[PDB]
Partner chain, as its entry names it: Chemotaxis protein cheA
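A lone chain, given as structure tokens: the form solved without the partner chain.
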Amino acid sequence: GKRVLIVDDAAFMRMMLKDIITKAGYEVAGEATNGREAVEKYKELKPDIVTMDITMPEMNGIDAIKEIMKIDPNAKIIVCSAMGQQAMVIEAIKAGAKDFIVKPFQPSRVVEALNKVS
């Protein structure tokens, strides 16, 4: 209940989140750069938690969440979003995402998210 799959196209963001995740006692199961790969790693890893960036809509992270929920109704996904992306956030939650983190990330908020979701 501590393996996390981090999804983000941006390398730094991955580095960054991973950092935080690991400092808070969680472990990184793997990383992906889009929804597609995501679904795949999900299948192969069965991570406890997933973090899914949705700051770039054309990336269709939302569809990626609905796919995961299909394949795993009890999946625990947290979405990363940017300031002002309120409506996508809503969508994502309606889609089955458990909670959200807003960038620029605030360490305690992340850890708090990982925590609630467990």
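Numbering follows the first chain given and starts at 1.
Same protein, other form: the form deposited with the partner chain bound, not shown, and the subject of what follows.
Looking at the partner chain in the entry with it bound, residues 93, 103 and 112 each place a heavy atom within 4.5 Å of it. Using a 4.5 angstroms limit between non-hydrogen atoms, residue 56 is distant from the partner chain in the entry with it bound. Taking the partner from the other structure, the partner chain in the entry with it bound has a heavy atom within 4.5 Å of a heavy atom of residue 89. Among heavy atoms of residue 71, none comes within 4.5 Å of the partner chain in the entry with it bound.
Mapping the unseen interface onto this chain, residue 60 falls outside it, with no heavy atom inside 4.5 Å of the partner chain in the entry with it bound. In the entry with it bound, the partner chain lies beyond 4.5 angstroms of every heavy atom of every residue of 11-33.
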